[PDB]
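Read through the structure below, which is laid out as structure tokens, and then see the notes.
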Amino acid sequence: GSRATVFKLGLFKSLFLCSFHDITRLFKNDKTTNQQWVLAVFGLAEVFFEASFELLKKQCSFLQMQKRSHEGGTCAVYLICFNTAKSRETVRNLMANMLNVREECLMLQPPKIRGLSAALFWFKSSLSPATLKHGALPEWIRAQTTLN
Amino acid sequence: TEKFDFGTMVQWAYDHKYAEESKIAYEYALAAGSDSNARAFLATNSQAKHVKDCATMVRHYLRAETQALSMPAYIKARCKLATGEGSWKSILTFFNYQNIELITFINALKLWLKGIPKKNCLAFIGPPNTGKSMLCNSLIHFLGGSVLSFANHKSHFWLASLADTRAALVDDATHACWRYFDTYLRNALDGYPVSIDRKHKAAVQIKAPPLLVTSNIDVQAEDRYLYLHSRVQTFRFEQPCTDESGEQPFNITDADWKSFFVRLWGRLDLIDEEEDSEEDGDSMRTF
Amino acid sequence: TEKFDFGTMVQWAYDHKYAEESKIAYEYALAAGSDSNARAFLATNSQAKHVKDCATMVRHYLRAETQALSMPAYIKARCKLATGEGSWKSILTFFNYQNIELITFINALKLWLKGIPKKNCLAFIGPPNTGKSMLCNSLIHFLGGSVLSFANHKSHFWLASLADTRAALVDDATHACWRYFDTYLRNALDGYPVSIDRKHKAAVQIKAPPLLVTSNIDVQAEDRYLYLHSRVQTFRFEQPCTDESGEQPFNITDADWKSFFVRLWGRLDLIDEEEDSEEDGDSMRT
DNA sequence: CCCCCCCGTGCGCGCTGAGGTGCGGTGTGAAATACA
DNA sequence: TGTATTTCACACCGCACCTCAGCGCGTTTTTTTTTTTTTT
């Protein structure tokens, strides 16, 4: 359980300088499946962040990961494109176990696939040397910065 | 669109500070993996001309960026560029090894850096194998100044390097070098403008930048160089130095110089004017 | 019918390392038989410009590629290119014929390659026709360096051949050459940057690369070179390496040096343990 | 269960030709106005 | 009911606009040259 709180949203914004709501759309039912997911994790240890990159690569067509911590705390973000569609219930169980964290430490919603600022978010992230990357960029992001 | 855009290439080349053509071409062809303008450039049948223009523009931007900084900003940038582990102790220990106070060296360094006339040349006089060139080469490496060579003084273009760098070094000045300074280049030690050529260029008249010389000859003792006693500050190096297992008992790093300048930003009296923008977005308006 | 595309032509040129312009022009005009782009080149109305631009682009690529290789990687790339079959036994037996243990030459190479100051020059001293130039020039040829020439020291333009290469040989340094080293290149043997000068150009300030010098004068016995004692490691080549009875028994082809390096990668304190996927990515630079 | 920042702009002078689109020089009459 | 007297109405045929990018597109003396001073 534990979708999110004013405190988790507040920390995300203080670190990434934009609202978690501006890069995701809403799935109110924990059973609806989808290949693409946006994940935010608070209080995650570095060794598990790095291990998750190698493990997710084997079941994904695309993956982009980054992290940002400060005085408040640490919180990473993942754009995950699974080879097979999964529900929030399933992804929640997979990632809490994989990252060695309580479910309350996570926030999960599918991506906002229409909107230039939302696409720019991922585009700008791909320009940092620290960002971990795997696979070909999703068409909605690519076509979000093209159009002649 | 896929049309190539030269401004982006110039911005990128300036971004990592690639100036020479070969590095620009190689690194850009490598970057062509994830740069739409790059994958456009590879197909543009006029690659060589674009590379030449990009290198020339980066050279222009960098050269006109360096010359636009007053001295304290230049030393600040050089301190920003210096990394390592060290301290000023690894210098003052050497000076005490040669039995000279550091306070006198600071009272000289302040004037030398300010370029004040008649006090704009430090001469380090010491017998061979006492460590002169070690300290001088370390200091001129930190100040990012060029080193001259009295070998070519038959060919008068050996001063060509004096047109850019802000701290010239002349190591192991013989009798001929001191006579040359006494007769011809008195103006530079004064500080009045001089004329200097540059291979295939015109004699660009500029003020003479500060110097730093090492010579066995004691100018302030001879009588032929009576007219240099009022243009040279000397420091005596007497105690011995490197003869031990290929490791000079003293080697001066860049961290030493960094902690030296930073710790003595008050005694050398280096500062800037009314400031309201120091740690901000660098003006990268070259795109 | 088939538009020209300079990119694939520069890719083809870099494929075969055809740096010079004339070879480009001739080989590509020959290849026009079975390469549509080459027929487009032949029908093109500005052929010479394309040849010149291709030559320039290939030169840029190759020069930058050479400059960017770290020293162990460059030794691997010079080990690949040396052709022939032989053995390090020639080096070992040459040395043991000069009564010099190999371990001495190793413990000198270990430093001389690392560029450690004050141990960055290896002098081979012995009366002539003793095998100095044999080993010294074979080793410089292996390292892809440039053989210098002490003769032109009347001009200061004889150091220009050190702006690029990573190993220099100064052959038969007489007293004049030793004095010149002691006076003007005091810095170079100390590893710190020097100021070389070329003809009709401007001086550049680069690090002094390693060196190999051959001389008949024992500098570590002279006194005016008291400074030179601390930055030159002497090697006494005394015995006659050349013909004992008419035919030189000893010669070091590139295979001998290559096998020497391959078997002595450990004791030199280098690293070529890449073995990444199969050999290397080496994808493309079109 | 709703807002604490992504975002620094436009191109070889010069052509010039097929392309088609339209209100008119001219396409020039059956309908349409009025005559007797 | 027969007939002089006229613009709208679909259009011959167009004068002439704007629209692209494949064709043209570049510097090299002076210094260094070994020459004879330039202490000796």
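No value in this document is a laboratory result; all are computed from the given coordinates. Methodologically, a virtual Cβ is constructed for each residue, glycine included, from the backbone with ideal geometry; neighbour enumeration extends over all protein chains shown.
Observations on the structure shown:
- Residues whose amide H falls under 5 Å from that of C:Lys119, counting only those 5 or more places apart or on a different chain, are absent, with hydrogens built in the peptide plane.
- Relative contact order %, chain A, counting alpha carbon pairs below 8 Å whose residues are six or more apart: 33
- Chain C, relative contact order [Cα under 8 Å, separation at least 6], %: 24
- Charge dipole of segment B:37-92 (Cα centre as origin; +1 on each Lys and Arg Cβ, -1 on each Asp and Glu Cβ, all else neutral): 40 debye, rounded to the nearest 20.
- Rg over Rh [alpha-carbon atoms, Kirkwood Rh] for segment A:8-148: 0.93
- DSSP-defined antiparallel bridges as percent of all bridges, chain C, nearest 5: 20
- Against chain B, whose longest principal axis is taken from its Cα atoms, helix B:254-263 shows a tilt of about 80°.
- Size estimate for segment C:81-168 follows the Kirkwood approach: the inverse of mean 1/r over distinct Cα pairs works out to 15.1 Å.
- Gyration tensor verdict on segment A:11-50 (Cα atoms; rounded if a/c is under 1.5, prolate if a/b is larger than b/c, oblate otherwise): oblate
- Proxy reagent accessibility, fewest Cβ within 10 Å first, across B:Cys136, B:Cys121: B:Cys136, B:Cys121
- Once the C-beta distance of B:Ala255 and C:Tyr26 is scaled by a Förster radius of 51 Å, the resulting FRET efficiency is 0.35 to the nearest 0.05.
- Look at the stretch C:60-73: the mean tally of other chain Cβ atoms within 10 Å of its residues' Cβ atoms is 3.
- Which of B:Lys132, C:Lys199 has the fewest Cβ neighbours within 10 Å, and the rest in rising order: C:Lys199, B:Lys132
- Rounded to the nearest 500, the helix-only mean residue ellipticity at 222 nm of chain A stands at -9500 deg cm²/dmol, with each DSSP H run of n ≥ 4 adding -39,500 (n - 2.57).
- Sorted by Cβ density within 10 Å, fewest first, the residues C:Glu278, B:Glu27, B:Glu21: C:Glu278, B:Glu27, B:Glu21
- Computed from the C-beta positions of A:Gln35 and B:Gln67, the FRET efficiency with R₀ = 51 Å rounds to 0.35.
- √(5λ) per eigenvalue of the Cα gyration tensor, segment B:170-287, largest first, Å: 33, 27, 17
- Cα pair distances of chain B binned at 5 Å [whole percent]: 1, 5, 9, 13, 14, 13, 12, 11, 8, 6, 4, 2, 1, 0, 0, 0
- Segment B:224-266 and segment C:250-271: distance between their alpha carbon centers, rounded to Å: 43
- 3J(HN,Hα) from dihedral phi, segment C:232-245, Karplus parametrisation 6.51/-1.76/1.60, rounded to Hz, x for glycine, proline: 9, 9, 7, 9, 8, 8, 9, 5, x, 6, 6, 3, 6, 9
- Segment A:1-69 versus segment B:84-134: alpha-carbon centroid distance in Å: 57
- Each residue of segment B:174-179 is assigned a 3J(HN,Hα), and the resulting list reads 7, 5, 4, 5, 5, 5 Hz, derived from the Karplus form 6.51 cos²θ - 1.76 cosθ + 1.60 (θ = phi - 60°), x at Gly and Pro.
- Compactness check for segment B:134-190: Cα Rg over 2.2 N^0.38 Å is 1.13.
- Cβ-Cβ distance of C:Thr8 and C:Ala77, R₀ of 30 Å, FRET efficiency by 1/(1 + (r/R0)^6): the value works out to about 0.70.
- All other residues whose Cβ lies under 15 angstrom from that of B:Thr44 are scored, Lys and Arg at +1 and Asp and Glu at -1, for a net of 0.
- Mean Cα-pair separation over length for segment C:1-131, i.e. relative contact order, pairs under 8 Å, 6 or more apart, %: 19
- With both labels modelled 7 Å from their Cα along Cα-to-Cβ, the C:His200 to C:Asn152 distance reads 1.3 nm.
- Among the trypsin sites (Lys or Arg not before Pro) in segment A:1-76, those located in a DSSP loop and surrounded by at most 16 other Cβ atoms within 10 Å of their own Cβ are A:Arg3, A:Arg25, A:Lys28, A:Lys31, A:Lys58.
- P(r) histogram, all alpha-carbon pairs of segment C:15-154 included - 10 Å bins from 0, percent: 8, 26, 25, 19, 13, 8, 1
- Base-10 log of normalised Debye intensity for segment C:1-57 (one unit scatterer per alpha-carbon) at q = 0.21, 0.24 Å⁻¹: -0.70, -0.94
- Using θ = phi - 60° and Karplus 6.51 cos²θ - 1.76 cosθ + 1.60, couplings along segment B:133-148 (whole Hz; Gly, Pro as x): 4, 4, 5, 5, 5, 4, 5, 6, 5, 5, 6, x, x, 7, 10, 8
- Taking amide H atoms as placed 1.01 Å from N in the peptide plane, the amide H of C:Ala173 lies under 5 Å from those of C:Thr214, C:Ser215, C:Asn216, each 5 or more residues away in sequence or on another chain.
- For q = 0.14 Å⁻¹, Debye-computed log10 I/I(0) when each Cα of segment C:62-123 counts as one equal scatterer: -0.61
- Computed from label points 7 Å out along Cα-Cβ, the spacing between A:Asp22 and B:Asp35 is 2.9 nm.
- Considering all C-alpha pairs of the protein assembly as shown, those separated by over 33 Å amount to 66%.
- For the protein assembly as shown, DSSP calls about 55 percent of its internal beta bridges antiparallel.
- Calculated [θ] (222 nm, deg cm²/dmol) that DSSP helices of n ≥ 4 give over chain C, each run adding -39,500 (n - 2.57): -12500 deg cm²/dmol
- Between the helical axis of C:102-114 and the longest alpha-carbon principal axis of chain C there is an angle of about 50 degrees.
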